[PDB]
Amino acid sequence: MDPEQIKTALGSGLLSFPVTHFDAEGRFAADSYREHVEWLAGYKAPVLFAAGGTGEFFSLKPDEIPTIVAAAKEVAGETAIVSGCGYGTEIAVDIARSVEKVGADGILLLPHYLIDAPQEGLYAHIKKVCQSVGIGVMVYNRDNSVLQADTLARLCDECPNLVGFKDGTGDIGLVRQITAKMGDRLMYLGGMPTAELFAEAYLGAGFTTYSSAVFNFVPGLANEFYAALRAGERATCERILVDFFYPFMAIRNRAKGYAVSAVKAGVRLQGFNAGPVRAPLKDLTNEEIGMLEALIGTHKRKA
Amino acid sequence: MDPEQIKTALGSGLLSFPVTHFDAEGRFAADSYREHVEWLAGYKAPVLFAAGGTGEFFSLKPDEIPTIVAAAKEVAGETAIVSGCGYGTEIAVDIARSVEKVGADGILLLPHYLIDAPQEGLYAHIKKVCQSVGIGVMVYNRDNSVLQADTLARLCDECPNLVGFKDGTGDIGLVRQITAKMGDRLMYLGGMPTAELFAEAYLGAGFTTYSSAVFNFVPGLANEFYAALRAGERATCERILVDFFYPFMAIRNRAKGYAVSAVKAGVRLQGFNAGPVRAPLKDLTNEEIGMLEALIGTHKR
Amino acid sequence: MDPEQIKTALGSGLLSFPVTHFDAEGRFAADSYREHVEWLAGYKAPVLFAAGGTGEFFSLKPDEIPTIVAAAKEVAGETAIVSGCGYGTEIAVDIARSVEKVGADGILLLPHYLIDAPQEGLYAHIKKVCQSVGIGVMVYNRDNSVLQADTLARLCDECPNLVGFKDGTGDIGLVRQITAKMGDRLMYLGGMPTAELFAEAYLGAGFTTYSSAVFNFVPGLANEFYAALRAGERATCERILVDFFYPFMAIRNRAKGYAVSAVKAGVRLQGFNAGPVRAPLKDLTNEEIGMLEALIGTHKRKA
Amino acid sequence: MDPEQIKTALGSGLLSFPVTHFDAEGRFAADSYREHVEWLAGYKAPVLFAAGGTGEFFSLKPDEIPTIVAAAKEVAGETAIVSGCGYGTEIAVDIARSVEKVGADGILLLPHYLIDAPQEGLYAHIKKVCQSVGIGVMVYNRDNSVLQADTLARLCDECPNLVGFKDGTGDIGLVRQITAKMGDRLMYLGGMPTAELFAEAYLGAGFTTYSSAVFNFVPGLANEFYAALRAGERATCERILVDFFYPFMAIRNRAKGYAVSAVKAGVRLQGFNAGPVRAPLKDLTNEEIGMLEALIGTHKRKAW
Ligand SMILES: *[C@@H](CCCC(=O)O)C(=O)O
Ligand SMILES: *[C@@H](CCCC(=O)O)C(=O)O
Ligand SMILES: *[C@@H](CCCC(=O)O)C(=O)O
Ligand SMILES: *[C@H](CCCC(=O)O)C(=O)O
């Protein structure tokens, strides 16, 4: 898949970030993974982000990532596969090239590690990672890596395979400046945790799709919220927000990291053997898991 | 008017916040203010907020506020006038009652002073202020006073004259939860500094309308954006954003307080003797004034 | 006093900020105020801050402040009396003068209202307030009013009655640069909530003394800790922190504003008729007063 | 050495973190590195941190870190050598064992990568890295990894080789609580960028010592500030703060990352070809380098 093709796919529907499955011993569980990814397939997300932040990228050994990408590819079907990438330039470049080789259709470039960095250095970092590969690249504003509109424009002019922008800052004023400035030069992806809480405002800002972490365990509900979004059916979105997403928010807000941990708890409750999180996330308590199962309720997958 | 009549007016169009005029001596300049306000009401803003944030409420003596509202109300015409309010509860009540008595159509309750507060404290504070008058109150989320949805719904049950919510947090997750929760129990006002930057997303979040600071000096342009916004002209909105508002933000971001100071400089440049800002704001340098002057350009009054 | 006289008094002992008593309705209750203050006077604090933050300045009418100040210095004795001041420039001077005409030995200029301001603006504001009175002024670094050292040096060189510096920021780097730059031109008062947690560090940073809020209800403990701190008794300071202060911090951290609320719950526990906090503060629940009571323990005032 | 010995060396003087030298192509430059480190040895810092934050740990490939630790070990003499370590648990463990293997005297565990994490997770992550090696371990509070006192207590009880605590928060309230609770169970290192700005308050808060980035290029000056601090020569410290540290601070605050870039520039100015920083740091401008060279003034090691 060339950069323009992954670009088109990014704009053709809802985006899903599968959790990464671990056995009791914390090693990658490829059979469980594929099973979950085969099931998600039936709901026809156009792009699958393998080993994103929902997939606990920040806890993966670098040589684990190609293995997880290839597992997804086996059962993904006609779904474009994008791989997480990140860390400093030297590691990111080696990851990017490792997943290109196993057939990734693009990379999602998560922040570099630890330091706050001037816009100059950001530009220099991302330019080299983009130049390391021929596949499509999506950048990702969050935490210690926040590209300004001017800087992003420079990267776009100089790196044709840079085709997408994921936002995790919540900075409405900045992301509207970015879509105004760049136009159709980039596909714009909402990437806040529980992005449905943000989807309608982001529409207005120029974002017509987002990553839906909850699609991991209630894809039917996520597909419905998305269809309601694109059709302008505001009473339907509002109902789904009050009935499911705000109550999910309250479970998520009980501890740091639960934007990943509550999602993986939901996978397990729906009968997929996703297993535990790697430290330093912690898994939900039994009580908390009980509150989640009750919320899933009518959307339970088995008994 | 009654709370429901201001509620309706509040959602009926673009809202404006006139700067407060001062003179050499430093006192409020009433006739100047009156000739500025009168010029604005001719651009058909349904509601005017006298002595709000942009009207430097934070730098106003309690006694001054009813004179400014009086001045505004004199030449407001068909436009309704909502008055700034604020500080701690005791002063807030005292201020509320003074402006009701000179016929304020409503109250915009700015946050209390200095301290952080629990939700149950904000409840008691806002409740006490609402109940001391009969006119409509709009609460204002920003800084040290941020109402959660459940606390807000609690106030709305308790005080029927609380009819509006103004955001200045830019917390787009929170404000969508507030509109989803309350529904039409409230009117929702975009109140970010230079809110045109947030207007398209605020509407997606379900906001009734927003307030335009820059309307103070380029009301024609503010009206143009607002109409293109309501009629879906995304490309026209984009042009005005790119050519005017983002260059304005580059001037505003040069220093703290310029959300007010640059607006005020805009007013003077168009021939209204608005005077300086009061400490601890500072006025634009002569360079910055010229930048803003250059940016106004074609719109020069 | 003259400015140099309150300057001198400010540096010669442990200072504190008496809570303002309200009746249950409730306005200022000067009877209960005076008896509470008189009991504190016997604990020999040399400077007394009437209507400061701990005394809910932020919730007082500008009329109530001279009344509170006069109520204070009636029973204060030879103890010096400093008044709160604050809000915008215009209100601030009015309050400044108000309390000077009822005998205040100086003023603590609390931050201006709401907005963020330029250094130059902070300069013009504080300069005008200093030149409105003849009594001594101490500035207060906190929230939206944070003076840098170059700015502070300019105010010192323009307003001779500006003689004290209270920090509420906890910014170590900044206050060490301030004491380095100004030398003995200013008296430096540590002003964090529960400043005892910070006292051992602020000495090293060059700070003359600090404010003890808990002096309100356990002034024996505050004098025991302050004495050890000055004598270089680390093991004794360390005991009282492990035993009292970090437990008191756990309660104080239960809710916003409890840096005053928990202190006023402590005063009422020792039989002083302080009454409620004014909104938007709230009072501790019964359970939390229970918690506090158990902690006060042996230091409980008795007949 | 064993954990108690490194604990002792950690408490015995001023500590420093050498920049990592790179050639123009960004590769590790070991010739220049050992040359610079041999110079830092003459000034007798009792502990040397190779590939710490000042040494651009966050930009090193994991396989580079053992090579760097080995180079510094060649010319360090009797100075203890501690290795940077970090990222999430799996990577951190591999690095930890790799540097134990080339003979490091301990590790400094930088924060895990990207995410805010609950105290229980930090416990689990740090406990697993400690248990992976036999050498001394120092924890490092900063940014997305901030241990509470109660959490650090349990790690201390569970992991004997955990012997040190470096602070990067500047949270004086919290670090006082931490020394009050742990006592001499741990040695305490001040670790703010330009820690001399903080040294006097931190000793007060009971910190065993601190680490001086600027020792990289004016170790004479850093040494004298340190002796003055320990002797209570307050006027001496204050003179050096006003004449050098606040001026350096003003250079350092002109851009993000210059807490490391400004130090590397200073090393270059002193005639050690430390080379450029790796992106996303950027190097000082020629102009800014000019300001740094004039500030260094009388403390120049060379004439150009
Ligand atoms: C981006 C999407 C954010 C959702 C989450 O972190 O759970 C990503 O996962 O990389
Ligand atoms: C609220 C924000 C209004 C900005 C505007 O004038 O549009 C306030 O200034 O009080
Ligand atoms: C810790 C010391 C901080 C100084 C700096 O980052 O320059 C470290 O370098 O690991
Ligand atoms: C000063 C701050 C004292 C706080 C404390 O010691 O807890 C003030 O209230 O103005």
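Letters go in sequence order (proteins before strands), and every chain restarts at 1. No hydrogens, no waters, no symmetry mates; every other heavy atom, side chains included, goes into these values.
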Taking all atoms of both residues into account, what is the closest heavy-atom pair of [X] and [Y], and its distance?
X	Y	value
B:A259	B:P193	CB-CB, 4.1 Å
A:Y246	B:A180	CE1-CB, 4.1 Å
B:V37	B:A72	CG1-O, 4.0 Å
B:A222	B:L14	O-CD2, 3.8 Å
B:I115	C:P280	CD1-CG, 4.2 Å
B:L109	B:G86	CD1-N, 3.9 Å

Interatomic spacing from [atom1] in [X] to [atom2] in [Y] - rounded to 0.5 Å:
X	Y	atom1	atom2	value
B:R154	B:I126	CZ	CD1	11.5 Å
B:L281	B:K264	CG	NZ	8.5 Å
B:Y258	C:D116	OH	CG	14.0 Å
B:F245	B:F225	CZ	CZ	6.5 Å
B:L155	B:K127	CG	NZ	9.0 Å
B:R252	B:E288	CZ	CD	13.5 Å

Taking [X] for its side chain and [Y] for its backbone only, find out whether a donor-acceptor pair lies under 3.5 Å.
X	Y	answer
B:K282	B:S261	no
A:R234	B:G204	yes
B:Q270	B:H299	yes
B:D150	B:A153	no
A:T179	A:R176	yes
C:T89	C:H125	no
B:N223	B:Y43	yes
B:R278	C:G88	no
A:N253	A:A250	no
B:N144	B:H112	yes

Can you say whether the rings of [X] and [Y] are parallel (under 30°), tilted (30 to 60°) or perpendicular (over 60°)?
X	Y	result
B:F28	B:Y33	perpendicular
C:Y87	B:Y87	perpendicular
B:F272	B:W39	tilted
B:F207	B:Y202	tilted

Flag side-chain contact, heavy atom, 4.5 Å: [X] against [Y]:
X	Y	result
B:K128	B:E90	yes
B:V260	B:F58	yes
B:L152	B:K181	no
B:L189	B:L10	no
B:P62	B:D94	no
B:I95	B:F57	yes
A:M182	A:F165	no
B:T194	B:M249	yes

Please evaluate residues B:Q148 and B:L174 with respect to the criterion side chain to side chain contact (heavy atoms under 4.5 Å, CB included), reporting the C-alpha separation (whole Å), side-chain torsions for both, the decisive distance (0.1 Å), and the verdict.
CA-CA 8 Å; B:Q148 291 294 316; B:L174 174 61; 4.0 Å; yes
So for atom CG, which belongs to B:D157, do other residues, nucleotides or ligands contribute more than 12 heavy atoms lying within a distance under 6.0 Å?
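Enclosed.
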Can you tell me if B:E196 and B:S212 form a side-chain donor-acceptor pair at under 3.5 Å?
yes
Can you list the steps and then say if A:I172 with A:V175 is a side chain to side chain contact (heavy atoms under 4.5 Å, CB included)?
CA-CA 5 Å; A:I172 277 299; A:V175 300; 4.2 Å; yes
Pick out which of B:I6, B:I135, B:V139 makes a side chain to side chain contact (heavy atoms under 4.5 Å, CB included) with B:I107.
B:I135
Could you go through the salt bridge (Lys or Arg N to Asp or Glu O under 4.0 Å) check for B:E224 and B:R239 one step at a time?
CA-CA 11 Å; B:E224 189 192 358; B:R239 165 177 60 79; 2.9 Å; yes
Using the rule given for side chain to side chain contact (heavy atoms under 4.5 Å, CB included), can you reason through B:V19 versus B:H36, listing the C-alpha separation, both sets of side-chain angles and the distance that settles it, and then say yes or no?
CA-CA 9 Å; B:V19 288; B:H36 183 203; 3.9 Å; yes
Given the side-chain rings of B:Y210 and B:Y226, with only the six-membered ring counted for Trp, is the space between their centroids under 6.0 Å?
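Ring centroids of B:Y210 and B:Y226 are less than 6.0 Å from each other.
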Please report the C-alpha distance between A:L203 and A:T208 in whole Å, then the side-chain angles of each, then the deciding distance to 0.1 Å, and finally whether the side chain to side chain contact (heavy atoms under 4.5 Å, CB included) criterion is met.
CA-CA 5 Å; A:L203 251 190; A:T208 54; 4.0 Å; yes
